[PDB]
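The file entry.txt comes next; it holds compact mmCIF, C-alpha atoms.
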```
# COMPACT_ATOMS: atom_id res chain seq x y z
CA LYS A 149 0.00 0.00 0.00
CA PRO A 150 1.13 3.66 -0.63
CA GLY A 151 3.24 5.55 2.05
CA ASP A 152 4.75 2.23 3.18
CA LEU A 153 8.53 1.92 2.98
CA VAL A 154 9.82 -1.19 1.24
CA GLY A 155 12.97 -3.26 0.82
CA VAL A 156 14.15 -3.77 -2.70
CA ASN A 157 16.84 -6.48 -3.35
CA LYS A 158 20.17 -5.09 -4.05
CA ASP A 159 21.41 -7.62 -6.56
CA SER A 160 18.28 -7.85 -8.78
CA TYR A 161 15.60 -5.19 -8.53
CA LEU A 162 12.43 -6.66 -7.20
CA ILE A 163 10.52 -5.63 -4.03
CA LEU A 164 11.66 -8.30 -1.47
CA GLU A 165 10.34 -6.99 1.89
CA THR A 166 8.29 -4.27 3.76
CA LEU A 167 9.29 -1.76 6.46
CA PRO A 168 7.27 0.42 8.91
CA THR A 169 5.49 3.53 7.71
CA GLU A 170 7.53 6.73 8.37
CA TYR A 171 5.89 9.49 10.49
CA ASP A 172 7.71 12.55 11.79
CA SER A 173 8.33 13.21 15.52
CA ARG A 174 9.01 16.94 14.64
CA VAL A 175 5.29 17.48 13.78
CA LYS A 176 4.00 16.01 17.09
CA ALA A 177 6.23 18.43 19.14
CA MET A 178 4.92 21.39 17.14
CA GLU A 179 1.30 20.53 17.97
CA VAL A 180 -0.91 21.75 20.71
CA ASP A 181 0.10 25.32 21.56
CA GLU A 182 -3.35 25.92 23.01
CA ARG A 183 -1.77 25.97 26.49
CA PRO A 184 -1.31 28.48 27.92
CA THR A 185 -4.55 29.86 26.51
CA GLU A 186 -4.59 33.22 24.90
CA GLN A 187 -8.36 33.88 25.03
CA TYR A 188 -9.22 37.58 24.36
CA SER A 189 -7.41 38.79 27.51
CA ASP A 190 -3.74 39.06 26.34
CA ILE A 191 -4.51 39.13 22.66
CA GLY A 192 -6.63 41.82 21.07
CA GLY A 193 -6.63 45.09 19.18
CA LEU A 194 -8.82 45.84 16.13
CA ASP A 195 -12.32 45.11 17.62
CA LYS A 196 -14.04 44.51 14.35
CA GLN A 197 -11.40 41.99 13.08
CA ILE A 198 -11.63 39.81 16.13
CA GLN A 199 -15.50 39.68 15.80
CA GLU A 200 -15.50 38.51 12.22
CA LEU A 201 -12.92 35.93 12.98
CA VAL A 202 -15.01 34.45 15.87
CA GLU A 203 -17.98 34.27 13.38
CA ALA A 204 -15.85 32.51 10.66
CA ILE A 205 -13.98 29.86 12.65
CA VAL A 206 -15.01 29.46 16.28
CA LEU A 207 -18.85 29.40 16.23
CA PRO A 208 -19.29 26.92 13.26
CA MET A 209 -17.11 24.33 15.03
CA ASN A 210 -19.40 24.27 18.11
CA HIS A 211 -22.69 24.98 16.21
CA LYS A 212 -21.89 22.34 13.51
CA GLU A 213 -25.16 20.26 13.74
CA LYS A 214 -27.31 23.19 12.65
CA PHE A 215 -25.52 23.81 9.40
CA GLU A 216 -26.28 20.26 8.18
CA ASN A 217 -29.99 20.59 9.08
CA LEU A 218 -30.43 24.05 7.32
CA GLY A 219 -28.58 22.75 4.18
CA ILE A 220 -26.50 25.84 3.92
CA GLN A 221 -22.69 25.84 3.81
CA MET B 212 -8.28 37.37 -64.91
CA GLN B 213 -4.48 36.51 -65.46
CA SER B 214 -4.05 35.18 -61.89
CA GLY B 215 -6.98 32.93 -62.76
CA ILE B 216 -5.61 31.45 -66.06
CA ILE B 217 -2.35 30.46 -64.45
CA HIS B 218 -4.07 28.95 -61.50
CA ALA B 219 -6.78 27.03 -63.46
CA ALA B 220 -5.18 24.99 -66.16
CA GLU B 221 -1.51 25.11 -65.46
CA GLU B 222 -1.01 24.88 -61.60
CA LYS B 223 -4.35 23.02 -61.45
CA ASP B 224 -6.24 24.48 -58.43
CA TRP B 225 -9.75 25.16 -59.55
CA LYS B 226 -11.01 26.87 -56.38
CA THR B 227 -8.15 29.42 -56.70
CA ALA B 228 -8.80 30.10 -60.45
CA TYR B 229 -12.51 30.60 -60.22
CA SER B 230 -12.43 33.05 -57.38
CA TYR B 231 -10.34 35.58 -59.24
CA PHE B 232 -12.60 35.12 -62.37
CA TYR B 233 -15.76 36.16 -60.49
CA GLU B 234 -14.04 39.56 -59.66
CA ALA B 235 -12.65 39.91 -63.13
CA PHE B 236 -16.11 39.68 -64.80
CA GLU B 237 -17.72 42.30 -62.54
CA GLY B 238 -14.78 44.64 -63.10
CA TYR B 239 -14.72 43.99 -66.90
CA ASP B 240 -18.42 44.39 -67.62
CA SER B 241 -18.47 48.20 -66.88
CA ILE B 242 -15.74 49.65 -69.14
CA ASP B 243 -15.33 46.78 -71.52
CA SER B 244 -17.15 44.71 -74.10
CA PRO B 245 -14.90 41.81 -75.65
CA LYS B 246 -12.98 41.25 -72.43
CA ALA B 247 -16.04 40.64 -70.34
CA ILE B 248 -17.18 37.82 -72.78
CA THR B 249 -13.98 35.92 -72.19
CA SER B 250 -13.97 36.08 -68.47
CA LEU B 251 -17.47 34.61 -68.18
CA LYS B 252 -16.54 31.51 -70.33
CA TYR B 253 -13.42 31.11 -68.25
CA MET B 254 -15.64 30.98 -65.08
CA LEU B 255 -17.42 27.93 -66.57
CA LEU B 256 -14.04 26.40 -67.64
CA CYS B 257 -12.54 25.94 -64.21
CA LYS B 258 -15.52 24.02 -62.99
CA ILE B 259 -15.78 21.79 -66.24
CA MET B 260 -12.28 20.49 -65.55
CA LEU B 261 -13.24 19.89 -61.85
CA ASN B 262 -16.18 17.95 -63.41
CA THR B 263 -19.02 19.23 -61.31
CA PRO B 264 -22.20 20.24 -63.33
CA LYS C 52 0.15 -22.24 -2.30
CA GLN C 53 3.04 -21.56 -0.02
CA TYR C 54 5.38 -22.94 -2.66
CA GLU C 55 4.25 -20.83 -5.60
CA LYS C 56 4.35 -17.56 -3.54
CA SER C 57 8.01 -18.09 -2.35
CA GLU C 58 9.06 -19.50 -5.76
CA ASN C 59 8.01 -16.27 -7.50
CA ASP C 60 11.10 -14.54 -6.04
CA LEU C 61 13.24 -17.50 -7.08
CA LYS C 62 12.21 -17.13 -10.80
CA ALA C 63 12.20 -13.28 -10.92
CA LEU C 64 15.87 -13.17 -9.88
CA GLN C 65 16.81 -15.57 -12.67
CA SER C 66 14.61 -13.37 -15.20
CA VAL C 67 16.50 -10.46 -13.60
CA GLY C 68 14.60 -7.43 -12.34
CA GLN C 69 13.53 -4.64 -14.72
CA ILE C 70 14.79 -1.08 -15.41
CA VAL C 71 11.69 0.81 -16.74
CA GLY C 72 11.47 3.56 -19.50
CA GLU C 73 9.08 5.24 -21.79
CA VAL C 74 9.65 4.98 -25.50
CA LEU C 75 11.52 8.11 -26.77
CA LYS C 76 11.54 7.50 -30.53
CA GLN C 77 10.44 4.88 -32.92
CA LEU C 78 13.33 4.67 -35.51
CA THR C 79 12.69 1.06 -36.66
CA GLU C 80 10.80 -1.94 -35.15
CA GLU C 81 13.95 -3.85 -34.09
CA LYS C 82 15.62 -1.17 -32.05
CA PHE C 83 13.80 1.53 -30.25
CA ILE C 84 15.79 4.38 -28.33
CA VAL C 85 14.16 4.30 -24.93
CA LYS C 86 14.49 6.75 -22.14
CA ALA C 87 14.94 5.64 -18.54
CA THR C 88 12.72 7.13 -15.79
CA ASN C 89 15.93 7.44 -13.82
CA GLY C 90 17.50 9.40 -16.83
CA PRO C 91 20.20 7.67 -18.99
CA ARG C 92 18.95 6.71 -22.33
CA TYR C 93 19.36 3.18 -23.74
CA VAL C 94 18.64 1.16 -26.92
CA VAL C 95 16.15 -1.77 -26.33
CA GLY C 96 14.79 -4.56 -28.43
CA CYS C 97 11.37 -5.78 -29.46
CA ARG C 98 10.68 -9.39 -29.50
CA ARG C 99 7.94 -10.96 -31.48
CA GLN C 100 6.22 -12.38 -28.32
CA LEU C 101 4.38 -9.09 -28.09
CA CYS D 98 19.58 7.91 10.37
CA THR D 99 17.04 10.65 9.41
CA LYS D 100 14.21 8.88 11.55
CA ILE D 101 13.70 5.92 13.69
CA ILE D 102 10.72 3.68 12.86
CA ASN D 103 12.01 0.35 11.39
CA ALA D 104 12.65 -2.89 13.21
CA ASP D 105 10.89 -5.25 10.84
CA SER D 106 11.40 -8.77 12.01
CA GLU D 107 15.07 -8.29 13.09
CA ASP D 108 16.88 -6.54 15.84
CA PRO D 109 16.30 -2.81 15.15
CA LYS D 110 17.02 -1.93 11.44
CA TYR D 111 16.13 1.83 11.00
CA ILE D 112 16.64 3.74 7.73
CA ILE D 113 20.23 4.96 7.74
CA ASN D 114 21.21 7.00 4.66
CA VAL D 115 24.65 6.91 3.25
CA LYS D 116 26.13 10.00 1.48
CA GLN D 117 25.81 8.23 -1.96
CA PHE D 118 22.12 9.08 -1.58
CA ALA D 119 20.80 5.56 -1.07
CA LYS D 120 19.00 4.10 2.08
CA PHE D 121 20.04 0.91 3.88
CA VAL D 122 19.19 -1.16 6.87
CA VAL D 123 21.38 -2.02 9.81
CA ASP D 124 22.22 -5.17 11.65
CA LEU D 125 24.34 -6.01 14.67
CA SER D 126 28.04 -6.40 14.71
CA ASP D 127 28.19 -4.76 18.22
CA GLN D 128 24.55 -4.19 19.03
CA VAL D 129 21.49 -2.27 17.88
CA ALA D 130 18.97 -0.77 20.28
CA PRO D 131 16.48 2.15 20.35
CA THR D 132 19.35 4.25 21.88
CA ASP D 133 22.15 3.02 19.52
CA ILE D 134 20.36 4.38 16.45
CA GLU D 135 18.37 7.75 16.93
CA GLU D 136 16.82 10.52 14.94
CA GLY D 137 20.05 12.52 14.49
CA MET D 138 22.67 9.74 15.18
CA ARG D 139 25.21 9.05 12.54
CA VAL D 140 26.51 5.40 12.23
CA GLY D 141 29.42 3.43 10.92
CA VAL D 142 28.21 0.75 8.47
CA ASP D 143 30.02 -1.57 6.10
CA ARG D 144 30.20 -1.25 2.24
CA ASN D 145 29.16 -4.81 1.65
CA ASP E 141 27.93 0.54 -33.81
CA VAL E 142 26.42 3.83 -34.77
CA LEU E 143 22.86 5.26 -34.57
CA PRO E 144 21.32 7.84 -37.04
CA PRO E 145 21.51 11.42 -36.07
CA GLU E 146 17.64 11.19 -35.90
CA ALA E 147 17.78 9.04 -32.74
CA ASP E 148 17.70 10.60 -29.20
CA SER E 149 15.66 13.56 -29.94
CA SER E 150 13.80 15.38 -27.25
CA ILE E 151 10.07 14.96 -26.78
CA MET E 152 10.22 18.20 -24.69
CA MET E 153 10.54 19.82 -28.18
CA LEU E 154 7.72 20.59 -30.63
CA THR E 155 7.21 18.81 -33.91
CA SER E 156 8.52 15.37 -32.89
CA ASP E 157 5.20 14.16 -31.41
CA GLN E 158 3.30 16.44 -33.82
CA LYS E 159 3.67 17.07 -37.57
CA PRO E 160 1.62 19.45 -39.76
CA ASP E 161 -1.03 17.93 -42.07
CA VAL E 162 -1.72 21.21 -44.04
CA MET E 163 -0.90 22.03 -47.51
CA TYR E 164 -1.35 24.89 -50.00
CA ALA E 165 -4.71 23.49 -51.37
CA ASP E 166 -6.22 23.32 -47.87
CA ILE E 167 -6.06 27.14 -47.36
CA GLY E 168 -7.37 29.77 -49.84
CA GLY E 169 -5.72 33.10 -50.00
CA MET E 170 -2.27 34.76 -49.90
CA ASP E 171 -1.27 32.85 -53.01
CA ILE E 172 1.36 35.48 -53.81
CA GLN E 173 2.92 35.10 -50.37
CA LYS E 174 2.71 31.25 -50.50
CA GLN E 175 4.89 31.17 -53.70
CA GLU E 176 7.56 33.36 -52.06
CA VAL E 177 7.86 31.23 -48.89
CA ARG E 178 7.76 28.12 -51.05
CA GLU E 179 10.54 29.30 -53.30
CA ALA E 180 12.82 30.11 -50.29
CA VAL E 181 12.14 27.19 -47.93
CA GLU E 182 10.85 24.22 -49.92
CA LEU E 183 13.04 24.15 -53.03
CA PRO E 184 16.61 24.08 -51.45
CA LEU E 185 15.73 21.25 -49.08
CA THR E 186 14.31 19.06 -51.78
CA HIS E 187 16.95 20.16 -54.30
CA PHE E 188 20.46 21.33 -53.50
CA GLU E 189 21.52 21.08 -57.20
CA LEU E 190 19.34 23.83 -58.94
CA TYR E 191 20.70 26.53 -56.71
CA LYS E 192 24.25 25.36 -57.44
CA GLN E 193 23.94 25.40 -61.29
CA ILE E 194 22.83 29.03 -61.35
CA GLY E 195 25.63 29.72 -58.85
CA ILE E 196 23.94 31.55 -56.03
CA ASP E 197 24.15 30.70 -52.32
CA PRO E 198 21.00 28.64 -51.41
CA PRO E 199 18.19 30.63 -49.94
CA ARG E 200 18.35 32.24 -46.56
CA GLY E 201 15.58 32.05 -43.92
CA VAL E 202 12.30 34.12 -44.15
CA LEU E 203 11.10 36.58 -41.48
CA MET E 204 7.38 36.54 -41.08
CA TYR E 205 5.72 39.63 -39.69
CA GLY E 206 2.15 40.82 -40.33
CA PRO E 207 -1.54 40.97 -39.05
CA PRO E 208 -2.68 38.48 -36.42
CA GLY E 209 -4.47 35.36 -37.73
CA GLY F 253 3.77 32.20 -17.97
CA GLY F 254 2.98 33.59 -21.30
CA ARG F 255 3.33 37.31 -21.72
CA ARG F 256 7.01 37.94 -21.75
CA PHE F 257 6.37 41.69 -22.19
CA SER F 258 9.40 43.62 -23.65
CA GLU F 259 11.18 41.79 -20.85
CA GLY F 260 9.75 39.42 -18.18
CA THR F 261 11.39 37.10 -15.71
CA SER F 262 13.40 33.98 -16.59
CA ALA F 263 10.90 32.03 -14.54
CA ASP F 264 7.94 32.90 -16.76
CA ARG F 265 9.57 31.18 -19.69
CA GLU F 266 10.47 28.07 -17.76
CA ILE F 267 6.89 27.38 -16.80
CA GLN F 268 5.46 28.78 -20.18
CA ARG F 269 6.53 25.69 -22.10
CA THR F 270 3.96 23.45 -20.40
CA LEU F 271 0.99 25.49 -21.89
CA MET F 272 2.59 25.80 -25.38
CA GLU F 273 2.90 22.08 -25.85
CA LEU F 274 -0.78 21.29 -24.89
CA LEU F 275 -2.29 24.01 -27.07
CA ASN F 276 -0.45 22.94 -30.14
CA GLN F 277 -1.29 19.36 -29.79
CA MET F 278 -5.00 19.91 -29.78
CA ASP F 279 -5.37 22.50 -32.61
CA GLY F 280 -4.00 23.82 -35.94
CA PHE F 281 -1.77 20.80 -36.66
CA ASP F 282 -5.17 19.19 -37.34
CA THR F 283 -8.69 20.18 -38.41
CA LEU F 284 -10.48 18.31 -35.48
CA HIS F 285 -12.51 19.84 -32.67
CA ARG F 286 -13.53 16.47 -31.09
CA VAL F 287 -10.57 16.95 -28.66
CA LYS F 288 -10.69 20.67 -27.61
CA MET F 289 -9.52 22.91 -24.85
CA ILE F 290 -11.38 26.06 -23.47
CA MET F 291 -9.13 28.49 -21.75
CA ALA F 292 -10.11 30.74 -18.78
CA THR F 293 -8.18 33.77 -17.79
CA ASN F 294 -8.70 35.76 -14.53
CA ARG F 295 -5.67 37.89 -14.42
CA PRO F 296 -5.24 40.18 -17.47
CA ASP F 297 -1.55 40.78 -16.66
CA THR F 298 0.03 37.63 -18.04
CA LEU F 299 -1.69 36.59 -21.34
CA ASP F 300 0.22 35.02 -24.16
CA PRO F 301 0.57 36.62 -27.65
CA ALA F 302 0.71 33.02 -28.92
CA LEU F 303 -2.86 32.20 -27.99
CA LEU F 304 -4.17 35.47 -29.25
CA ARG F 305 -3.10 34.78 -32.70
CA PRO F 306 -5.69 32.43 -34.24
CA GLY F 307 -5.36 28.74 -35.08
CA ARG F 308 -4.91 28.19 -31.32
CA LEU F 309 -8.20 30.12 -31.33
CA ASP F 310 -10.93 31.62 -33.52
CA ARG F 311 -13.31 33.29 -30.98
CA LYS F 312 -12.97 35.55 -27.90
CA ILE F 313 -16.04 35.36 -25.70
CA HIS F 314 -16.35 37.82 -22.78
CA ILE F 315 -18.07 36.27 -19.70
CA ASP F 316 -19.50 39.31 -18.15
CA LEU F 317 -19.97 40.43 -14.56
CA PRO F 318 -23.53 39.32 -13.57
CA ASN F 319 -26.31 41.58 -14.91
CA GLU F 320 -28.99 43.69 -13.14
CA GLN F 321 -31.58 40.89 -13.49
CA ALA F 322 -28.97 38.03 -13.27
CA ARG F 323 -28.07 38.66 -9.58
CA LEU F 324 -31.70 38.50 -8.57
CA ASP F 325 -32.12 34.98 -10.02
CA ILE F 326 -28.85 33.55 -8.37
CA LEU F 327 -30.15 34.78 -5.03
CA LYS F 328 -33.43 33.00 -5.32
CA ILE F 329 -31.77 29.49 -6.19
CA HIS F 330 -29.05 29.90 -3.39
CA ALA F 331 -31.79 30.85 -0.72
CA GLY F 332 -33.95 27.89 -1.56
CA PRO F 333 -32.02 25.06 0.38
CA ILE F 334 -31.83 27.21 3.52
CA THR F 335 -34.80 27.44 5.86
CA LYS F 336 -36.54 30.76 5.48
CA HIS F 337 -40.13 32.02 5.51
CA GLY F 338 -39.63 33.82 2.18
CA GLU F 339 -37.78 37.08 1.90
CA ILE F 340 -38.40 40.10 -0.27
CA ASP F 341 -34.80 41.16 0.51
CA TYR F 342 -33.30 39.73 -2.82
CA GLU F 343 -33.96 43.22 -4.48
CA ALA F 344 -32.06 45.05 -1.64
CA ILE F 345 -29.10 42.69 -1.83
CA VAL F 346 -28.65 43.35 -5.74
CA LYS F 347 -28.15 47.09 -5.14
CA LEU F 348 -25.56 46.77 -2.48
CA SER F 349 -23.92 44.00 -4.50
CA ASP F 350 -23.54 46.12 -7.52
CA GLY F 351 -20.35 44.80 -9.24
CA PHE F 352 -19.90 41.73 -6.99
CA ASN F 353 -19.19 38.66 -9.18
```
Can you dump the structure from the file as structure tokens?
Amino acid sequence: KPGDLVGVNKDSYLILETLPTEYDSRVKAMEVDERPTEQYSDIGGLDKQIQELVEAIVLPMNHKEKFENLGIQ
Amino acid sequence: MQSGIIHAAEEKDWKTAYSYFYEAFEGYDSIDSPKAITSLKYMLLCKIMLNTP
Amino acid sequence: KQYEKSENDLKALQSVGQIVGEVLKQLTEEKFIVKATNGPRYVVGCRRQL
Amino acid sequence: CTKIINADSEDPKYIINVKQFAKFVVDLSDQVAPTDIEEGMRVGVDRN
Amino acid sequence: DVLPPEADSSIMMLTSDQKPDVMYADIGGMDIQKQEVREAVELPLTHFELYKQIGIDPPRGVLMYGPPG
Amino acid sequence: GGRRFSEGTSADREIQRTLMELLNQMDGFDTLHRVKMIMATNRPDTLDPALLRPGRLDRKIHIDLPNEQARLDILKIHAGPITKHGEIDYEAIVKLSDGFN
């Protein structure tokens, strides 16, 4: 299957064996910077911009069920 | 008319010969008499060789 | 079953593995100049079994 | 070794990359362990 | 052994996985222009000898500039 | 790439080759229109003189910014999946949206 590392014979080129899928440790470390939380209490400025952003990302993730029912993107 | 005679019989492209002849007749008819007569027969001539009635 | 699956490696090695191309130019039907995917271009044959 | 993940039915293999730009697998002639081959660790391996 | 000079051409390049199919009959007009191009390009390729007998250097390339289309 | 101006970048030309090859293959080395390509442009800035010249073309068709009536009709079909009670608002939205694609 795709994304799987394989062994190829050195002497005559045929795929002999399989090896574990490669992942990257570096990506895992980068993840979850949510702590400490930023909130809107040490990040801010530009009152309108912050409001539109809350409307575009934050609310549709919680309020997800409704969108499906209404039929609207 | 000349461009037409060379293209019709000699070079043998009938579409090319005829097209010039149509212009030649219309131009000829006004000032001329004997010339115009020739150009009309020549119009028929291209197409006779092509062998479409 | 077990036999045929292992044996497949045994035969392939004797066939020898394959270096792959795409056909660059048809000059004649006996020799074709073929271009490797890797890069260096080669002259290959055509057999009458295909 | 660019990354550790391999240890496919032999004492840990990993993908070690030689500077001829080809990848190879490791076996023991001293040992092999999670700690002997690491993410950054360079290795001494034989030509044949 | 040797190969032709034809062999090992690029396929990156145009007109070695295409070819034109057109001819003079297939288009109408610019018959005057068609004869000039033809005289310059087509004749020396086909025939090296005619240009030699007369004694002139075979025809040079033609620069094509004009209206679009 | 395509429009190389009086002078463009080196980069434009390197990518430009991929378009040139496709265009050619489909039309004017042949009389066929069974295999065809329709080209869409969205940025006027880089547009090839090669395409412009016919036999890689014959027509130029402008696909206009939606009309006065046209915006009204798009609004009605888009509103329809969404729960509503009926709005008369579609006429107000067209004014404000004057020149919106």
Select all residues from chain C having any atom no more than 10 Å from an atom of chain A (counting all atoms listed in the file, ignoring ligands), output as a PDB file with C-alpha atoms, in the coordinates of the input.
```pdb
ATOM      1  CA  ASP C  60      11.100 -14.540  -6.040  1.00  0.00           C
ATOM      2  CA  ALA C  63      12.200 -13.280 -10.920  1.00  0.00           C
ATOM      3  CA  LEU C  64      15.870 -13.170  -9.880  1.00  0.00           C
ATOM      4  CA  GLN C  65      16.810 -15.570 -12.670  1.00  0.00           C
ATOM      5  CA  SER C  66      14.610 -13.370 -15.200  1.00  0.00           C
ATOM      6  CA  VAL C  67      16.500 -10.460 -13.600  1.00  0.00           C
ATOM      7  CA  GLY C  68      14.600  -7.430 -12.340  1.00  0.00           C
ATOM      8  CA  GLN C  69      13.530  -4.640 -14.720  1.00  0.00           C
ATOM      9  CA  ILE C  70      14.790  -1.080 -15.410  1.00  0.00           C
TER      10      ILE C  70
END
```
Need the shell around residue 212 of chain B: protein/DNA/RNA residues with any atom at most 12 Å away, counting only C-alpha atoms. Skip same-chain ones fewer than 3 positions apart. Format as a count of residues only?
27
Provide as a PyMOL selection string the residues of chain A at most 6 Å from chain F, counting only C-alpha atoms.
chain A and resi 218-220
Write out as an MDAnalysis selection string the residues lying within 9 Å of segment 146-149 of chain E, counting all atoms listed in the file and excluding same-chain residues fewer than 2 positions away.
(chainID C and resid 75:78 83:86 92) or (chainID E and resid 143:144 151:153 156)
Around segment 63-82 of chain C, with edges along x, y and z and 4 Å added on all six sides, what centre and edge lengths do you get, in Å to one decimal, as AutoDock Vina command-line options?
```
--center_x 12.9 --center_y -3.7 --center_z -23.3 --size_x 15.7 --size_y 31.7 --size_z 34.8
```
Could you tell me how far atom CA of residue 144 of chain D lies from atom CA of residue 127 of chain D, in Å and to one decimal?
16.5 Å
At what distance in Å, to one decimal, does atom CA of residue 159 of chain E lie from atom CA of residue 272 of chain F?
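If I compute the distance from atom CA of residue 272 of chain F to atom CA of residue 159 of chain E, I get 15.0 Å.
What separates atom CA of residue 99 of chain D from atom CA of residue 128 of chain D is a distance of 19.2 Å.
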Excluding same-chain residues fewer than 6 positions from residue 155 of chain E, what lies within 10 Å of it counting all atoms listed in the file, as a compact mmCIF listing (two decimals) with C-alpha atoms, keeping the file's coordinate frame?
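Dumped to around.txt:
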```txt
# COMPACT_ATOMS: atom_id res chain seq x y z
CA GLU F 273 2.90 22.08 -25.85
CA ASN F 276 -0.45 22.94 -30.14
CA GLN F 277 -1.29 19.36 -29.79
CA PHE F 281 -1.77 20.80 -36.66
```
